[PDB]
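Working notes, beginning with the structure itself.
No Cβ is skipped: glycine too gets one built from the backbone with ideal geometry, and neighbour counts run over all protein chains shown. Throughout, read-outs are computed from the coordinates displayed, never taken from laboratory work.
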Amino acid sequence: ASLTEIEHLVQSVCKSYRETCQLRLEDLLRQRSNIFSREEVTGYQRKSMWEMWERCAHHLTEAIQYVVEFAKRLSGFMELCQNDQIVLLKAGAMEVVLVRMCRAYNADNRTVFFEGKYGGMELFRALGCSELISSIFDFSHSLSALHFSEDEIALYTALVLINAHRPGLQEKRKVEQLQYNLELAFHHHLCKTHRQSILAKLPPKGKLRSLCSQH
Ligand SMILES: COc1ccc([C@H](C(=O)Nc2ccc([Si](C)(C)C)cc2)N(C)C(=O)c2cc(=O)[nH]o2)cc1
């Protein structure tokens, strides 16, 4: 696969992300001004831990379906076997969702887009796990600092999915070949856009996955 082929991979990964991104960036930014009042916040705080888990679970499961579409529309993905497709999505879909969420995080006021408005982490008080929530907020904060472009997120989240170190792969070599082609594609596109500096600022390998040890 020469460099003109790798350039099709970039444009293809970026198209799939644009089609499957669930919420437009423009809308998330437009909506940053629309914030939950103290009354509305209290309203969420009063809800049962069960109600809030069912809400968050619904929304996160919805987000997971878009990550499944994203993966389906990657050429290279569908050429993998039935088993490995499941292993990869099992291991990474939620990592991908978390990464995607930074787009819905506003670092000026430490709020996240939830049910039509922006709110802080106190919105989720009824879950009874503010350590988990604070560390998710810090994680979005640190990605927010990078000012990830849409195409950067596209390419990074593909690399989150396509990871040949996942336990239980039957065609390890095949997933490696895909992984290395996406690593190159990412690097090449960063070079085209003079954004090589973001590579050193990316999260460590498995700091993303260690955030799903509590989860
Ligand atoms: C792919 O990126 C996404 C960005 C925002 C949303 C939000 C949401 O889900 N935000 C959200 C959930 C969970 C925690 Si958490 C408990 C991990 C800190 C934070 C924040 N969203 C669309 C909705 O909340 C929503 C309201 C509605 O009526 N239907 O869906 C989903 C996906």
Filtered residues of region 38-58 (kept if part of a helix (DSSP H, G or I) and more than 22 Å from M101 (Cβ to Cβ)): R38, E39, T42, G43, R46, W50
Sole exception among (1) surrounded by fewer than 20 Cβ atoms within 10 Å (Cβ to Cβ); (2) within 19 Å of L23 (Cα to Cα); (3) of a type in the set (S, T, Y) for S142, by number: (2)
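Go through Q179, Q196, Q170 for me and flag whichever is free of Cβ contacts under 8 Å to residues at least 60 places away in the same chain and surrounded by fewer than 17 Cβ atoms within 10 Å (Cβ to Cβ).
Being free of Cβ contacts under 8 Å to residues at least 60 places away in the same chain and surrounded by fewer than 17 Cβ atoms within 10 Å (Cβ to Cβ) holds for just one of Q179, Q196, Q170, which is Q196.
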Positions within region 175-215 being basic (K, R), under 17 Å from the mean Cα position of the chain (by Cα) and over 20 Å from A71 (Cα atoms), in sequence order: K201, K205, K207
Given (1) in contact with an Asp or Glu (Cβ under 8 Å, 6 or more places away or on another chain); (2) in a loop (DSSP other than H, G, I, E, B), number of the condition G76 does not satisfy: (1)
Residues of region 34-64 satisfying the condition of being within 13 Å of the ligand (Cβ to nearest atom), within 29 Å of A91 (Cβ to Cβ) and aromatic (F, W, Y): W53
Residues satisfying the stated conditions in region 149-162, i.e. in a loop (DSSP other than H, G, I, E, B) and surrounded by fewer than 20 Cβ atoms within 10 Å (Cβ to Cβ): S149
Selection count, region 26-52, where residues are surrounded by 10 or more Cβ atoms within 10 Å (Cβ to Cβ) and within 20 Å of the chain's Cα centre (by Cα): 5
Number of the exception - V67 against (1) within 14 Å of the ligand (Cβ to nearest atom); (2) surrounded by fewer than 16 Cβ atoms within 10 Å (Cβ to Cβ); (3) of a type in the set (A, V, I, L, M): (2)
Long-range neighbours under 6 Å by Cβ, at least six apart or interchain, first residue within 19 Å of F186 (Cβ to Cβ) within region 131-150, second part of a helix (DSSP H, G or I): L143/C102; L146/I198; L146/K201
Selection count, region 1-33, where residues are over 27 Å from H187 (Cβ atoms) and more than 12 Å from the ligand (Cβ to nearest atom): 5
Region 95-120: number of residues that are outside any strand (DSSP E or B), surrounded by 17 or more Cβ atoms within 10 Å (Cβ to Cβ) and within 7 Å of the ligand (Cβ to nearest atom): 5
Given (1) more than 23 Å from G116 (Cα to Cα); (2) in a loop (DSSP other than H, G, I, E, B), number of the condition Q11 does not satisfy: (2)
Whichever residue in region 200-214 is outside any loop (DSSP other than H, G, I, E, B) and without any contact (Cβ under 8 Å) to a residue 12 or more places away in the chain and, among such residues, is farthest from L132 (Cα to Cα): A200
